[PDB]
>>> print(open('data-v6.cif').read())   # mmCIF, C-alpha atoms; chains and numbers go by the auth columns
data_query
loop_
_atom_site.group_PDB
_atom_site.id
_atom_site.type_symbol
_atom_site.label_atom_id
_atom_site.label_comp_id
_atom_site.label_asym_id
_atom_site.label_seq_id
_atom_site.Cartn_x
_atom_site.Cartn_y
_atom_site.Cartn_z
_atom_site.B_iso_or_equiv
_atom_site.auth_seq_id
_atom_site.auth_asym_id
ATOM 1 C CA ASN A 1 19.567 -125.324 -11.610 0.00 59 A
ATOM 2 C CA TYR A 2 17.859 -121.965 -11.213 0.00 60 A
ATOM 3 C CA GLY A 3 14.252 -122.653 -12.196 0.00 61 A
ATOM 4 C CA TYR A 4 12.171 -121.216 -15.015 0.00 62 A
ATOM 5 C CA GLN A 5 13.734 -117.994 -16.289 0.00 63 A
ATOM 6 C CA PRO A 6 11.670 -115.950 -18.780 0.00 64 A
ATOM 7 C CA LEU A 7 13.172 -114.807 -22.075 0.00 65 A
ATOM 8 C CA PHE A 8 11.451 -111.528 -22.998 0.00 66 A
ATOM 9 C CA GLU A 9 10.352 -110.369 -19.542 0.00 67 A
ATOM 10 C CA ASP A 10 12.546 -107.676 -18.028 0.00 68 A
ATOM 11 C CA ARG A 11 15.105 -108.720 -15.431 0.00 69 A
ATOM 12 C CA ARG A 12 13.251 -108.053 -12.183 0.00 70 A
ATOM 13 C CA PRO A 13 13.848 -109.318 -8.652 0.00 71 A
ATOM 14 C CA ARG A 14 11.365 -112.091 -7.973 0.00 72 A
ATOM 15 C CA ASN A 15 12.653 -114.086 -5.000 0.00 73 A
ATOM 16 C CA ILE A 16 14.567 -113.461 -1.791 0.00 74 A
ATOM 17 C CA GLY A 17 18.183 -112.576 -2.523 0.00 75 A
ATOM 18 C CA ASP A 18 17.658 -110.915 -5.900 0.00 76 A
ATOM 19 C CA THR A 19 19.310 -107.528 -6.350 0.00 77 A
ATOM 20 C CA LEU A 20 17.666 -104.288 -7.456 0.00 78 A
ATOM 21 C CA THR A 21 19.125 -100.870 -8.230 0.00 79 A
ATOM 22 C CA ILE A 22 17.613 -97.852 -6.459 0.00 80 A
ATOM 23 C CA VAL A 23 18.244 -94.400 -7.900 0.00 81 A
ATOM 24 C CA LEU A 24 18.057 -92.199 -4.822 0.00 82 A
ATOM 25 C CA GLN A 25 16.562 -88.905 -5.995 0.00 83 A
ATOM 26 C CA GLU A 26 14.836 -87.008 -3.193 0.00 84 A
ATOM 27 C CA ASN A 27 13.895 -83.335 -3.434 0.00 85 A
ATOM 28 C CA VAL A 28 11.503 -82.126 -0.735 0.00 86 A
ATOM 29 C CA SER A 29 10.964 -78.425 -0.091 0.00 87 A
ATOM 30 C CA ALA A 30 8.184 -77.167 2.171 0.00 88 A
ATOM 31 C CA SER A 31 7.622 -73.606 3.322 0.00 89 A
ATOM 32 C CA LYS A 32 5.119 -71.448 5.148 0.00 90 A
ATOM 33 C CA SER A 33 4.963 -67.827 6.224 0.00 91 A
ATOM 34 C CA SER A 34 2.435 -65.491 7.775 0.00 92 A
ATOM 35 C CA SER A 35 2.078 -62.001 9.182 0.00 93 A
ATOM 36 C CA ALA A 36 -0.438 -59.690 10.819 0.00 94 A
ATOM 37 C CA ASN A 37 -0.464 -56.002 11.679 0.00 95 A
ATOM 38 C CA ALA A 38 -2.672 -53.292 13.118 0.00 96 A
ATOM 39 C CA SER A 39 -2.352 -49.555 13.641 0.00 97 A
ATOM 40 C CA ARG A 40 -4.466 -46.708 14.990 0.00 98 A
ATOM 41 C CA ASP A 41 -3.601 -43.000 15.210 0.00 99 A
ATOM 42 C CA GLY A 42 -5.703 -40.154 16.555 0.00 100 A
ATOM 43 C CA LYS A 43 -5.339 -36.428 17.202 0.00 101 A
ATOM 44 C CA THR A 44 -7.883 -33.974 18.585 0.00 102 A
ATOM 45 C CA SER A 45 -7.598 -30.247 19.200 0.00 103 A
ATOM 46 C CA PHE A 46 -9.751 -27.217 19.916 0.00 104 A
ATOM 47 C CA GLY A 47 -8.394 -23.749 20.582 0.00 105 A
ATOM 48 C CA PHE A 48 -10.343 -20.540 21.197 0.00 106 A
ATOM 49 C CA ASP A 49 -7.421 -18.242 20.452 0.00 107 A
ATOM 50 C CA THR A 50 -9.598 -15.118 20.753 0.00 108 A
ATOM 51 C CA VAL A 51 -12.754 -15.647 22.804 0.00 109 A
ATOM 52 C CA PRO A 52 -15.679 -13.287 22.145 0.00 110 A
ATOM 53 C CA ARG A 53 -17.055 -11.588 25.221 0.00 111 A
ATOM 54 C CA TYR A 54 -20.470 -13.271 25.103 0.00 112 A
ATOM 55 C CA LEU A 55 -18.704 -16.667 25.151 0.00 113 A
ATOM 56 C CA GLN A 56 -15.959 -16.035 27.732 0.00 114 A
ATOM 57 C CA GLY A 57 -17.892 -17.820 30.465 0.00 115 A
ATOM 58 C CA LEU A 58 -18.121 -21.027 28.468 0.00 116 A
ATOM 59 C CA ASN B 1 -1.334 -116.665 -6.760 0.00 59 B
ATOM 60 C CA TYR B 2 -2.386 -113.025 -6.845 0.00 60 B
ATOM 61 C CA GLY B 3 -5.935 -113.132 -8.203 0.00 61 B
ATOM 62 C CA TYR B 4 -7.389 -111.631 -11.362 0.00 62 B
ATOM 63 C CA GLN B 5 -5.102 -108.900 -12.690 0.00 63 B
ATOM 64 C CA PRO B 6 -6.454 -106.775 -15.570 0.00 64 B
ATOM 65 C CA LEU B 7 -4.422 -106.272 -18.738 0.00 65 B
ATOM 66 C CA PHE B 8 -5.363 -102.843 -20.124 0.00 66 B
ATOM 67 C CA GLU B 9 -6.571 -101.155 -16.933 0.00 67 B
ATOM 68 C CA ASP B 10 -4.064 -98.773 -15.383 0.00 68 B
ATOM 69 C CA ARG B 11 -2.045 -100.000 -12.417 0.00 69 B
ATOM 70 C CA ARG B 12 -4.063 -98.674 -9.485 0.00 70 B
ATOM 71 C CA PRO B 13 -4.097 -99.661 -5.817 0.00 71 B
ATOM 72 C CA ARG B 14 -7.131 -101.844 -5.226 0.00 72 B
ATOM 73 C CA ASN B 15 -6.577 -103.728 -1.967 0.00 73 B
ATOM 74 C CA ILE B 16 -4.923 -103.142 1.390 0.00 74 B
ATOM 75 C CA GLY B 17 -1.148 -103.020 1.038 0.00 75 B
ATOM 76 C CA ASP B 18 -0.981 -101.645 -2.500 0.00 76 B
ATOM 77 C CA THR B 19 1.338 -98.685 -3.015 0.00 77 B
ATOM 78 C CA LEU B 20 0.483 -95.327 -4.569 0.00 78 B
ATOM 79 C CA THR B 21 2.653 -92.334 -5.431 0.00 79 B
ATOM 80 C CA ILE B 22 1.583 -88.924 -4.106 0.00 80 B
ATOM 81 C CA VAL B 23 3.023 -85.813 -5.731 0.00 81 B
ATOM 82 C CA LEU B 24 2.947 -83.313 -2.885 0.00 82 B
ATOM 83 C CA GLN B 25 2.255 -79.938 -4.493 0.00 83 B
ATOM 84 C CA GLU B 26 0.649 -77.479 -2.084 0.00 84 B
ATOM 85 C CA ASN B 27 0.473 -73.740 -2.732 0.00 85 B
ATOM 86 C CA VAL B 28 -1.906 -71.840 -0.452 0.00 86 B
ATOM 87 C CA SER B 29 -1.777 -68.057 -0.177 0.00 87 B
ATOM 88 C CA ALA B 30 -4.480 -66.084 1.619 0.00 88 B
ATOM 89 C CA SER B 31 -4.453 -62.380 2.403 0.00 89 B
ATOM 90 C CA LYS B 32 -6.665 -59.623 3.731 0.00 90 B
ATOM 91 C CA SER B 33 -6.222 -55.945 4.486 0.00 91 B
ATOM 92 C CA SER B 34 -8.394 -53.036 5.524 0.00 92 B
ATOM 93 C CA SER B 35 -8.207 -49.415 6.592 0.00 93 B
ATOM 94 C CA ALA B 36 -10.382 -46.525 7.718 0.00 94 B
ATOM 95 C CA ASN B 37 -9.777 -42.827 8.270 0.00 95 B
ATOM 96 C CA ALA B 38 -11.552 -39.624 9.206 0.00 96 B
ATOM 97 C CA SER B 39 -10.566 -35.977 9.464 0.00 97 B
ATOM 98 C CA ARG B 40 -12.213 -32.665 10.311 0.00 98 B
ATOM 99 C CA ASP B 41 -10.670 -29.179 10.337 0.00 99 B
ATOM 100 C CA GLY B 42 -12.303 -25.871 11.182 0.00 100 B
ATOM 101 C CA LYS B 43 -11.290 -22.231 11.569 0.00 101 B
ATOM 102 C CA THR B 44 -13.437 -19.220 12.428 0.00 102 B
ATOM 103 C CA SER B 45 -12.496 -15.567 12.772 0.00 103 B
ATOM 104 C CA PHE B 46 -14.078 -12.135 12.975 0.00 104 B
ATOM 105 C CA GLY B 47 -12.148 -8.928 13.522 0.00 105 B
ATOM 106 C CA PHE B 48 -13.486 -5.368 13.634 0.00 106 B
ATOM 107 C CA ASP B 49 -10.110 -3.737 13.070 0.00 107 B
ATOM 108 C CA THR B 50 -11.655 -0.251 12.851 0.00 108 B
ATOM 109 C CA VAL B 51 -15.051 0.023 14.537 0.00 109 B
ATOM 110 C CA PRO B 52 -17.374 2.803 13.338 0.00 110 B
ATOM 111 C CA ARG B 53 -18.707 5.032 16.077 0.00 111 B
ATOM 112 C CA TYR B 54 -22.353 4.007 15.677 0.00 112 B
ATOM 113 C CA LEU B 55 -21.299 0.365 16.212 0.00 113 B
ATOM 114 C CA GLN B 56 -18.769 0.740 19.051 0.00 114 B
ATOM 115 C CA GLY B 57 -21.288 -0.369 21.661 0.00 115 B
ATOM 116 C CA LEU B 58 -21.929 -3.665 19.914 0.00 116 B
#
>>> encode(input="data-v6.cif", output="structure tokens")
Amino acid sequence: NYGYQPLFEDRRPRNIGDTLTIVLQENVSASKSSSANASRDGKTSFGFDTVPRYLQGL
Amino acid sequence: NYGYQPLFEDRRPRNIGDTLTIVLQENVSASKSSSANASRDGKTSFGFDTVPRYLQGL
């Protein structure tokens, strides 16, 4: 004797020892990315190629 | 016995121990960028290639 068994209810595990099918379908995909940058360029110049006479002391 | 179980309400977790499915879907993307620049160019010239006689002292 197996006890009350339903007639229209789906066949589910109910007690200890009942078997159940597991469809293993795992798909995990995690990602991360990052970046940082900095730049700085400078040029300076001053040339008195021909100095006038009133400014040759400076 | 499991207590009052609704019939048309969706199957939600209500008490401690109930299971809930989480669909992990994260998509975060932050960005920032900036720049600055400056420039300055100068030329000056004066040439008395042929100096007139009344101006040869200056």
>>> interface_residues(input="data-v6.cif", of="chain A", to="chain B", cutoff="12 Å", atoms="only C-alpha atoms", output="PyMOL selection string")
chain A and resi 85-112
>>> calpha_fit_and_write(input="data-v6.cif", fixed="chain A", moving="chain B", output="compact mmCIF listing (two decimals) with C-alpha atoms, in the frame of the given file")
# COMPACT_ATOMS: atom_id res chain seq x y z
CA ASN B 59 19.57 -125.32 -11.61
CA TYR B 60 17.86 -121.96 -11.21
CA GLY B 61 14.25 -122.65 -12.20
CA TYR B 62 12.17 -121.22 -15.01
CA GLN B 63 13.73 -117.99 -16.29
CA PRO B 64 11.67 -115.95 -18.78
CA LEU B 65 13.17 -114.81 -22.08
CA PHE B 66 11.45 -111.53 -23.00
CA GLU B 67 10.35 -110.37 -19.54
CA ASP B 68 12.55 -107.68 -18.03
CA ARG B 69 15.10 -108.72 -15.43
CA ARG B 70 13.25 -108.05 -12.18
CA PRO B 71 13.85 -109.32 -8.65
CA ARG B 72 11.36 -112.09 -7.97
CA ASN B 73 12.65 -114.09 -5.00
CA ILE B 74 14.57 -113.46 -1.79
CA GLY B 75 18.18 -112.58 -2.52
CA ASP B 76 17.66 -110.92 -5.90
CA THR B 77 19.31 -107.53 -6.35
CA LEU B 78 17.67 -104.29 -7.46
CA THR B 79 19.12 -100.87 -8.23
CA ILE B 80 17.61 -97.85 -6.46
CA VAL B 81 18.24 -94.40 -7.90
CA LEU B 82 18.06 -92.20 -4.82
CA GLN B 83 16.56 -88.91 -6.00
CA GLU B 84 14.84 -87.01 -3.19
CA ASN B 85 13.89 -83.34 -3.43
CA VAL B 86 11.50 -82.13 -0.74
CA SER B 87 10.96 -78.42 -0.09
CA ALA B 88 8.18 -77.17 2.17
CA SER B 89 7.62 -73.60 3.32
CA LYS B 90 5.12 -71.45 5.15
CA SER B 91 4.96 -67.83 6.22
CA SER B 92 2.43 -65.49 7.78
CA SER B 93 2.08 -62.00 9.18
CA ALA B 94 -0.44 -59.69 10.82
CA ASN B 95 -0.46 -56.00 11.68
CA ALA B 96 -2.67 -53.29 13.12
CA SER B 97 -2.35 -49.56 13.64
CA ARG B 98 -4.47 -46.71 14.99
CA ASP B 99 -3.60 -43.00 15.21
CA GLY B 100 -5.70 -40.15 16.55
CA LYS B 101 -5.34 -36.43 17.20
CA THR B 102 -7.88 -33.97 18.58
CA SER B 103 -7.60 -30.25 19.20
CA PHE B 104 -9.75 -27.22 19.92
CA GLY B 105 -8.39 -23.75 20.58
CA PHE B 106 -10.34 -20.54 21.20
CA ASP B 107 -7.42 -18.24 20.45
CA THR B 108 -9.60 -15.12 20.75
CA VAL B 109 -12.75 -15.65 22.80
CA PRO B 110 -15.68 -13.29 22.15
CA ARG B 111 -17.06 -11.59 25.22
CA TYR B 112 -20.47 -13.27 25.10
CA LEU B 113 -18.70 -16.67 25.15
CA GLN B 114 -15.96 -16.03 27.73
CA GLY B 115 -17.89 -17.82 30.46
CA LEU B 116 -18.12 -21.03 28.47
>>> atom_distance(input="data-v6.cif", atom1="atom CA of residue 77 of chain B", atom2="atom CA of residue 60 of chain B")
15.3 Å
>>> decode(input="data-v6.cif", residues="segment 61-102 of chain A", atoms="N, CA and C atoms", output="JSON list (two decimals), in the first residue's frame")
[["chain", "number", "residue", "atom", "x", "y", "z"],
["A", 61, "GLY", "N", -0.56, 4.64, -0.01],
["A", 61, "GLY", "CA", -1.25, 5.83, 0.43],
["A", 61, "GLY", "C", -1.95, 6.54, -0.71],
["A", 62, "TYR", "N", -2.81, 7.49, -0.34],
["A", 62, "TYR", "CA", -3.53, 8.31, -1.30],
["A", 62, "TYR", "C", -2.61, 8.82, -2.40],
["A", 63, "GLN", "N", -2.96, 8.52, -3.65],
["A", 63, "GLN", "CA", -2.26, 9.02, -4.81],
["A", 63, "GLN", "C", -3.24, 9.80, -5.67],
["A", 64, "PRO", "N", -3.01, 11.09, -5.92],
["A", 64, "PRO", "CA", -3.97, 11.86, -6.72],
["A", 64, "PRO", "C", -4.06, 11.36, -8.15],
["A", 65, "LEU", "N", -5.05, 11.83, -8.89],
["A", 65, "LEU", "CA", -5.31, 11.32, -10.23],
["A", 65, "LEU", "C", -5.07, 12.34, -11.33],
["A", 66, "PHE", "N", -5.30, 13.62, -11.06],
["A", 66, "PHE", "CA", -5.07, 14.67, -12.04],
["A", 66, "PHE", "C", -3.92, 15.58, -11.66],
["A", 67, "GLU", "N", -3.43, 15.51, -10.43],
["A", 67, "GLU", "CA", -2.29, 16.31, -10.02],
["A", 67, "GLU", "C", -1.02, 15.75, -10.65],
["A", 68, "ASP", "N", -0.13, 16.65, -11.05],
["A", 68, "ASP", "CA", 1.11, 16.24, -11.70],
["A", 68, "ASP", "C", 1.94, 15.38, -10.76],
["A", 69, "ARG", "N", 2.76, 14.52, -11.35],
["A", 69, "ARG", "CA", 3.60, 13.62, -10.57],
["A", 69, "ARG", "C", 4.77, 14.42, -10.00],
["A", 70, "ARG", "N", 4.65, 14.81, -8.74],
["A", 70, "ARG", "CA", 5.68, 15.55, -8.04],
["A", 70, "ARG", "C", 6.24, 14.71, -6.90],
["A", 71, "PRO", "N", 7.49, 14.94, -6.51],
["A", 71, "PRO", "CA", 7.99, 14.36, -5.26],
["A", 71, "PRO", "C", 7.29, 15.00, -4.07],
["A", 72, "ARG", "N", 6.88, 14.16, -3.13],
["A", 72, "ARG", "CA", 6.11, 14.64, -1.99],
["A", 72, "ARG", "C", 6.75, 14.22, -0.67],
["A", 73, "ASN", "N", 7.34, 13.03, -0.65],
["A", 73, "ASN", "CA", 7.91, 12.45, 0.55],
["A", 73, "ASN", "C", 9.40, 12.21, 0.36],
["A", 74, "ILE", "N", 10.05, 11.75, 1.43],
["A", 74, "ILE", "CA", 11.45, 11.37, 1.35],
["A", 74, "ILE", "C", 11.59, 10.12, 0.49],
["A", 75, "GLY", "N", 12.55, 10.15, -0.43],
["A", 75, "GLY", "CA", 12.79, 9.04, -1.32],
["A", 75, "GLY", "C", 12.23, 9.20, -2.72],
["A", 76, "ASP", "N", 11.36, 10.17, -2.94],
["A", 76, "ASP", "CA", 10.83, 10.41, -4.27],
["A", 76, "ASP", "C", 11.88, 11.07, -5.15],
["A", 77, "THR", "N", 11.84, 10.74, -6.44],
["A", 77, "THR", "CA", 12.85, 11.17, -7.39],
["A", 77, "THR", "C", 12.34, 12.34, -8.23],
["A", 78, "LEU", "N", 13.27, 13.22, -8.59],
["A", 78, "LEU", "CA", 12.96, 14.43, -9.33],
["A", 78, "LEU", "C", 14.07, 14.70, -10.33],
["A", 79, "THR", "N", 13.70, 15.10, -11.54],
["A", 79, "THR", "CA", 14.67, 15.36, -12.59],
["A", 79, "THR", "C", 15.07, 16.83, -12.59],
["A", 80, "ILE", "N", 16.37, 17.08, -12.57],
["A", 80, "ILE", "CA", 16.93, 18.43, -12.60],
["A", 80, "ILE", "C", 17.60, 18.61, -13.96],
["A", 81, "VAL", "N", 17.19, 19.64, -14.68],
["A", 81, "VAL", "CA", 17.82, 20.01, -15.93],
["A", 81, "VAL", "C", 18.86, 21.06, -15.60],
["A", 82, "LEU", "N", 20.12, 20.64, -15.53],
["A", 82, "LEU", "CA", 21.20, 21.56, -15.21],
["A", 82, "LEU", "C", 21.42, 22.46, -16.42],
["A", 83, "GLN", "N", 21.14, 23.75, -16.24],
["A", 83, "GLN", "CA", 21.35, 24.74, -17.30],
["A", 83, "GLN", "C", 21.81, 26.01, -16.60],
["A", 84, "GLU", "N", 23.13, 26.16, -16.49],
["A", 84, "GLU", "CA", 23.75, 27.31, -15.86],
["A", 84, "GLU", "C", 24.51, 28.09, -16.92],
["A", 85, "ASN", "N", 24.32, 29.41, -16.91],
["A", 85, "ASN", "CA", 25.03, 30.29, -17.83],
["A", 85, "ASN", "C", 25.23, 31.61, -17.10],
["A", 86, "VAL", "N", 26.39, 31.76, -16.47],
["A", 86, "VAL", "CA", 26.74, 32.97, -15.74],
["A", 86, "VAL", "C", 27.90, 33.62, -16.45],
["A", 87, "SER", "N", 27.80, 34.93, -16.68],
["A", 87, "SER", "CA", 28.87, 35.67, -17.34],
["A", 87, "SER", "C", 28.89, 37.07, -16.75],
["A", 88, "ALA", "N", 29.92, 37.37, -15.98],
["A", 88, "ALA", "CA", 30.11, 38.67, -15.38],
["A", 88, "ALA", "C", 31.38, 39.29, -15.92],
["A", 89, "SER", "N", 31.39, 40.62, -16.04],
["A", 89, "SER", "CA", 32.55, 41.31, -16.56],
["A", 89, "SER", "C", 32.61, 42.70, -15.95],
["A", 90, "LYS", "N", 33.81, 43.26, -15.94],
["A", 90, "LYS", "CA", 34.02, 44.64, -15.55],
["A", 90, "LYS", "C", 35.32, 45.11, -16.17],
["A", 91, "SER", "N", 35.39, 46.41, -16.45],
["A", 91, "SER", "CA", 36.60, 47.00, -17.00],
["A", 91, "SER", "C", 36.60, 48.47, -16.67],
["A", 92, "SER", "N", 37.80, 49.04, -16.61],
["A", 92, "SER", "CA", 37.94, 50.45, -16.27],
["A", 92, "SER", "C", 39.28, 50.95, -16.78],
["A", 93, "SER", "N", 39.38, 52.26, -16.91],
["A", 93, "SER", "CA", 40.62, 52.89, -17.34],
["A", 93, "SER", "C", 40.63, 54.33, -16.87],
["A", 94, "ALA", "N", 41.82, 54.92, -16.88],
["A", 94, "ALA", "CA", 42.02, 56.32, -16.55],
["A", 94, "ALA", "C", 43.29, 56.79, -17.24],
["A", 95, "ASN", "N", 43.32, 58.06, -17.61],
["A", 95, "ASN", "CA", 44.52, 58.61, -18.24],
["A", 95, "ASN", "C", 44.62, 60.09, -17.95],
["A", 96, "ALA", "N", 45.83, 60.61, -18.09],
["A", 96, "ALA", "CA", 46.09, 62.04, -17.95],
["A", 96, "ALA", "C", 47.32, 62.38, -18.77],
["A", 97, "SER", "N", 47.35, 63.61, -19.28],
["A", 97, "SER", "CA", 48.49, 64.08, -20.05],
["A", 97, "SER", "C", 48.62, 65.58, -19.86],
["A", 98, "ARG", "N", 49.83, 66.08, -20.08],
["A", 98, "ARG", "CA", 50.10, 67.51, -19.96],
["A", 98, "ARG", "C", 51.39, 67.82, -20.70],
["A", 99, "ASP", "N", 51.32, 68.71, -21.68],
["A", 99, "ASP", "CA", 52.47, 69.10, -22.48],
["A", 99, "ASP", "C", 52.61, 70.61, -22.48],
["A", 100, "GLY", "N", 53.84, 71.09, -22.37],
["A", 100, "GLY", "CA", 54.08, 72.52, -22.39],
["A", 100, "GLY", "C", 55.40, 72.90, -23.04],
["A", 101, "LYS", "N", 55.39, 73.95, -23.85],
["A", 101, "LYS", "CA", 56.59, 74.52, -24.42],
["A", 101, "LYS", "C", 56.56, 76.03, -24.24],
["A", 102, "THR", "N", 57.72, 76.62, -24.00],
["A", 102, "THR", "CA", 57.86, 78.06, -23.87],
["A", 102, "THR", "C", 59.15, 78.47, -24.54]]
